[PDB]
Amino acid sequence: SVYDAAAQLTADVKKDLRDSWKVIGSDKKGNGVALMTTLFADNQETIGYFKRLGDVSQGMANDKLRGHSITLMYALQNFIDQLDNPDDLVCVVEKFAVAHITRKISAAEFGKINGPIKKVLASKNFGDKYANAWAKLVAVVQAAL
């Protein structure tokens, strides 16, 4: 199932992912927090999954939220780095899904991250072309949930 989803990562899609990551991934703390605070603002219900982080309204100043946000970006760094070898991409995505499946996060839930990604990309001047590419990468993860 994950292999079939990975098949949608065409040469052009991988190129747009790598080009946009070159910018987004250069400030993992800043963009990681931006992603999370945007998720919480647009889909407040997702906060139910992050009780451990405490007062998420503090944003960057919240050490636990910052710690999670920075760490989240390294999962994406991992994915981007494995783009050229489907076998490696698949095994890392399945590994990544394990902990999220245990948390009972469905593919539909996970997909809520698409909006925030689109907004973060747009803040760096990366249009819909790039947003759609990222939606395809997220789809590979969804296929594993």
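One rule holds for the numbers: they count along the sequence shown, beginning at 1.
Per the PDB record, of the two stretches 78-86 and 64-72, 78-86 carries the greater mean B-factor over its C-alpha atoms. Legend: mean Cα B-factor per stretch from the PDB entry, 98-106 versus 111-119; the higher mean is in 98-106. In this PDB entry, residue 58 carries a Cα temperature factor that places it within the highest third of its chain's modelled residues. Sort the modelled residues of the chain by CA B factor and residue 91 lands in the middle third. Split the chain's modelled residues into thirds by C-alpha temperature factor. Residue 43 is in the highest one.
The PDB entry assigns residue 9 a C-alpha temperature factor belonging to the highest third of its chain's modelled residues. Among the modelled residues of its chain, residue 24 has a C-alpha B-factor that falls in the middle third, as given in the PDB entry.
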